[PDB]
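Since the structure comes first, as structure tokens, the remarks are kept for the end.
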Amino acid sequence: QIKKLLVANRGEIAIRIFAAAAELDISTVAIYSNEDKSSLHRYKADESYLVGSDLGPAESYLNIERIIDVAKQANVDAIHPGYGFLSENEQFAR
Amino acid sequence: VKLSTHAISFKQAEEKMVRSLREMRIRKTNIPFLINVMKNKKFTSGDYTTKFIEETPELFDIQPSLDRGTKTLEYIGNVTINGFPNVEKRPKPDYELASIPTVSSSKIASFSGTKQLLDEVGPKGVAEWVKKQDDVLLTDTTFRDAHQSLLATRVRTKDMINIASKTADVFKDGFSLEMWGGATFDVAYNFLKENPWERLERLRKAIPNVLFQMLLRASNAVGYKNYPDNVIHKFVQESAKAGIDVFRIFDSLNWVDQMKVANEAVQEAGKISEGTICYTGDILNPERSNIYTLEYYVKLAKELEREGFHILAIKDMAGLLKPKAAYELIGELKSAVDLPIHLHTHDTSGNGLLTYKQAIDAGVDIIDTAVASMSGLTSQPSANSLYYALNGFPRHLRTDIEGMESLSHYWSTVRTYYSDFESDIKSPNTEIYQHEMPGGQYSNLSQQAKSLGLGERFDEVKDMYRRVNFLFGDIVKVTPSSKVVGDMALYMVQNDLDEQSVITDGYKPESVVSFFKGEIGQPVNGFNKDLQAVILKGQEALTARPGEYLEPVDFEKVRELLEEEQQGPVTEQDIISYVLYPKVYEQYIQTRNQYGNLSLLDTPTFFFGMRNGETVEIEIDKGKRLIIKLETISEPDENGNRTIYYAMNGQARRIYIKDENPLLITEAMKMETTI
Amino acid sequence: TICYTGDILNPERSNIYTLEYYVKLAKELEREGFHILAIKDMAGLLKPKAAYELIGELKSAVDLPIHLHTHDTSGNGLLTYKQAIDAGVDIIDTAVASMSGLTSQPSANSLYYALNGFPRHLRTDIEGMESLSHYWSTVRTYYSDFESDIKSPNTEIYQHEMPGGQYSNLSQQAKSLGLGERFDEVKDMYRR
Amino acid sequence: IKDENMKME
Ligand SMILES: *C(=O)CCCC[C@@H]1SC[C@@H]2NC(=O)N[C@@H]21
Ligand SMILES: [Mn+2]
Ligand SMILES: [Mn+2]
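Chains as they are written, first to last, in the deposited numbering: chain B, 3 to 96; chain D, 396 to 422, 425 to 905, 909 to 1061, 1104 to 1117; chain A, 673 to 864; chain C, 1057 to 1061, 1111 to 1114.
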């Protein structure tokens, strides 16, 4: 039903959702920026992708389409936005 | 340690417990069993007894631990300190980055190459099509024969799969890809310690449009000794199952009888079957041999047609078919038999292109070419150069020239990863036309003559080879037949023999006595009774081909033997591989145990480890990649073990690696002190 | 010596360096009193069939002997010769085998055996040509410090038309200018 | 004066 899930976030909550996602046998895609390449959260997922080398730190977690590419390219069913980045962005959810 | 988890439902407490265990990496414990205890439905039900572990069988059916990076650390560890065999211990050199062409996997799935044709019409339809094409169909040898000749067959799978996409698009109008067999079974499992079946399967997935071709020896397929027919069938079906579709079938003494069993298997499996005449001698020189004449080659083609082969192929394994000889041979063959003709040469005289362009004129249908940067000398003629050479002439070579140049540039840089294994051959050797020494033999045999202290006496070793040929009749110089003529030439120069001398003192060379028993076939000249008698000194000279003196192999017992030894699941490929190459497979498995799948590492890291302060990303495949940074190695401690300070996937790690470099009576300042 | 550039088989390679440009050049050289007309193909650009129609042409138009010279940078230098030999060439330029190939002249030791069966015959001593190669192969190893990086035929010369060792020595300098990786634009600029 | 002081097999 939800084969593979991607978290458009980082750090503590991304690691959190990756844990609940593994518990229900769901593959997890992480996303990371250039400045976040050495983050903990990018090694807790089953796959990992730099959103955009052109995009700069904060933009790499806020570009709606650059993220969604990664999701489609990776065969994603569902995106968990965590809290604070796009978690309340009506247009992203659209 | 102890692990506690909690949730609102016993299942979720159980789910949490499960992943807490896998996430628990201690790099040899109870984890797999305890995980099975969790996924055991009998536990979740919440009702068991003290005899819960004893009652349940497959609790202990644990799946092996993903040791993984800890093993990958061990490998990069062991090579960085103690190097790699046959490679000058040097710090991991700085190669070019060599960006790689790609093509969308959806687009490559849109192509309909010559495998689609085998999947629509049979083999006979593929052959009857090739005939109709006015253009020159090409087979590519870059994945197999070109690097066998030039790089001791060390080219690893990772370098092939990394361009497989572009290759599948560049040779989309090509007849076949030559990629397997020859010497790629043995060198893979043993030297690169990589499984040739995964090379096959992973390429078949990536390249689904073009046919896959291999070089099959009639006597033993890809084996080293002789085998019962039972195993010739097993191997042929399984390669056929895994993607091989064009089986080139040759015999080292052009003896059709040994080619029949390897033939019934390829017909049975329903793929294409190339009957091959190996070319020796000189069709233009009447005084060179009275056996290998244009009549012989036309006869064998008719023989090869009657025996039911789908394409007739010609194998110039020593570059002895001259340009004019090509013109007559093929044209005379083309009009006597009605199969397409698949010509294969080695560019050792530097006339390989001249053979081909002549051959194309006589109307050859398929030719063996390698990409430019991996072409010439003991390899195939350059596909690139050839494409432009037919500019202005009527015939055209059906290929993607701009795609080949990109394939050349990639292979040019990649090959420098393999410069440790380059052949010593820098130039065409036109005097193959006399001694008929096969590809990479007039160099390999020179290094062996040096061993015996004959290194500067090579004129008498070259001449002896040519004399030895005539001595055993007129035979075909190809493995293993080339080895006996080789071993036989050293021996007579080793202790000063000649033709009549070796018969006259004969009763007073392991391969040679194996040869005269017929253990490799029956020569087209027979044997010299007086010569024969003295070499083997009286044992059973085989009265027919070697296979029929051999009892069929019980593949069910082999499956039992391997399953007791290994974890459990032994596939058919595991089986026939152990049968064909016992020691190497056994050894390959032990290596697979210690270090995991090394066919995933980049070729430099495979060969040199890493240098201090460098980071390395490994495609664990499809989105999963692990990143390793070497910080420092320590000096050897009290023993011979060094501490490599690693950084993998962000988590600091360390590995300890073995470095290879009264009572007592001591001395301190020239003073014999005793304890 | 006519210096050969471009391609005489492609009608839209050039509007100038065409077959009749070389014919016109050759007669002028005859009218200027050179005893031998030699074609200096300094880049391996004279494809096999192009050699058959360039040579067969001038062989009639000028009454000089024809001296051909080429570099096997494409891997088709021998084919270029065997064509001109069948189109009435008088003298070719060759190197001993072990000192041949790539940006050197075509292999003499090979072309001798290449012509086995065809009308003409290379006037030389193979038995002696073999020994000269066995010598020169060794002496060559004292010069390993100076061998080019070219190790295989490069067909892309048919585009940029760089001569003996200019797609070698250029990439050398191109890297020393912040453009070695982007050498696809140099091989397009140099072409342009 | 006398002084008193690749991977393949
Ligand atoms: C030295 O013996 C250690 C090298 C590590 C093993 C590797 S795996 C591939 C090579 N084949 C082999 O037998 N050893 C090498
Ligand atoms: Mn071959
Ligand atoms: Mn010059």
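Ideal Cβ placement from N, Cα and C applies to all residues, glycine included.
| Query | Result |
| --- | --- |
| Interfacial residues, the stretch 33-44 of chain B to chain D, with Cβ spacing under 7 Å | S40, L42 |
| Any chain D beta carbon closer than 7 Å to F790 (chain A) | yes |
| For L894 (chain D) and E575 (chain D), the rounded distance between their alpha carbons | 42 Å |
| Start and end residues, alpha helix (DSSP H) containing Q610 (chain D) | That residue, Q610 (chain D), is in no alpha helix (DSSP H); its beta strand (DSSP E) goes 608-614. |
| Beta bridge counterpart(s) of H743 (chain D) as assigned by DSSP | Bridge partners of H743 (chain D): none, in fact. |
| Beta-carbon neighbours of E410 (chain D), restricted to chain B and to distances below 8 Å | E25, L26 |
| Close-in-space but distant-in-sequence residues of the same chain around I757 (chain D) (CB under 6 Å, 5 per side omitted) | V533, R792 |
| Amino acids of chain D, ordered along the chain, whose beta-carbon sits closer than 9 Å to that of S816 (chain A) | Neighbours of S816 (chain A) on chain D: none; closest Cβ ~10 Å, over 9 Å. |
| Alpha-carbon to alpha-carbon, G852 (chain D) and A846 (chain D) | 5 Å |
| Distance CB(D570 (chain D))-CB(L608 (chain D)) smaller than 7 Å | no |
| Beta-carbon separation (whole angstroms), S782 (chain A) vs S746 (chain D), contact threshold 8 Å | 5 Å |
| Where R1053 (chain D) falls: helix, strand or coil (DSSP) | strand |
| Amino acids of chain D, ordered along the chain, whose beta-carbon sits closer than 8 Å to that of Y785 (chain A) | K719, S746, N748, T827, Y830 |
| Separation of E61 (chain B) from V53 (chain B), as counted between CA atoms | 9 Å |
| Of the listed residues D:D797, D:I1020, D:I900, nearest to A933 (chain D) (C-alpha basis) | D:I900 |
| Contacting residues, own chain, Cβ-Cβ under 7 Å from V958 (chain D) (five flanking each side not counted) | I975, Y978, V979 |
| Chain A contacts from the stretch 752-776 of chain D (Cβ-Cβ distance under 8 Å) | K754, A769, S770, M771, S772, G773 |
| Touch test, the stretch 1025-1040 of chain D against the stretch 446-464 of chain D, Cβ-Cβ under 8 Å, three pairs minimum | no |
| Supposed contact pair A698 (chain D) and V734 (chain D) - C-beta distance, whole angstroms, cut 8 Å | 4 Å |
| Exposure of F869 (chain D), with buried meaning 16 or more beta-carbon neighbours within 10 Å | buried |
| Residues of its chain near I1057 (chain C), where Cβ-Cβ distance is below 8 Å and the 5 sequence neighbours each way are ignored | none |
| Buried/exposed call for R596 (chain D), threshold 16 Cβ in 10 Å | buried |
| Unbroken alpha helix (DSSP H) run spanning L842 (chain D), endpoints | 838-848 |
| Given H82 (chain B) as reference, the closest of B:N11, B:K39, B:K5 once Cα atoms are compared | B:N11 |
| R1042 (chain D), buried or exposed, once every other Cβ within 10 Å from all chains shown has been counted against 16 | buried |
| Where the beta strand (DSSP E) containing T30 (chain B) begins and where it ends | 29-34 |
| Neighbouring residues, chain D, relative to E802 (chain A) (Cβ below 8 Å) | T827, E828 |
| Stretch pair the stretch 541-561 of chain D + the stretch 577-589 of chain D: three plus CB contacts closer than 8 Å | yes |
| The stretch 811-824 of chain D contacting the stretch 787-802 of chain D, beta-carbon criterion three pairs below 8 Å | no |
| Nearest-angstrom beta carbon gap, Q655 (chain D) and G1009 (chain D) [assumed within contact, 8 Å] | Their Cβ separation, rounded to whole angstroms, is 45 Å, which puts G1009 (chain D) and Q655 (chain D) out of contact at 8 Å. |
| Continuous beta strand (DSSP E) assignments of at least 3 residues falling wholly in the stretch 504-576 of chain D | 534-537 |
| Span separating the alpha-carbon of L681 (chain D) from that of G789 (chain D) | 28 Å |
| Distance between beta carbons of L416 (chain D) and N437 (chain D), contact taken as under 8 Å | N437 (chain D) to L416 (chain D), Cβ: 14 Å. No contact. |
| Host beta strand (DSSP E) of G672 (chain D) (start-end) | 669-675 |
| Endpoints, the beta strand (DSSP E) within which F644 (chain D) is located | 643-647 |
| Status (buried if at least 16 other CB within 10 Å, exposed otherwise) for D821 (chain D) | exposed |
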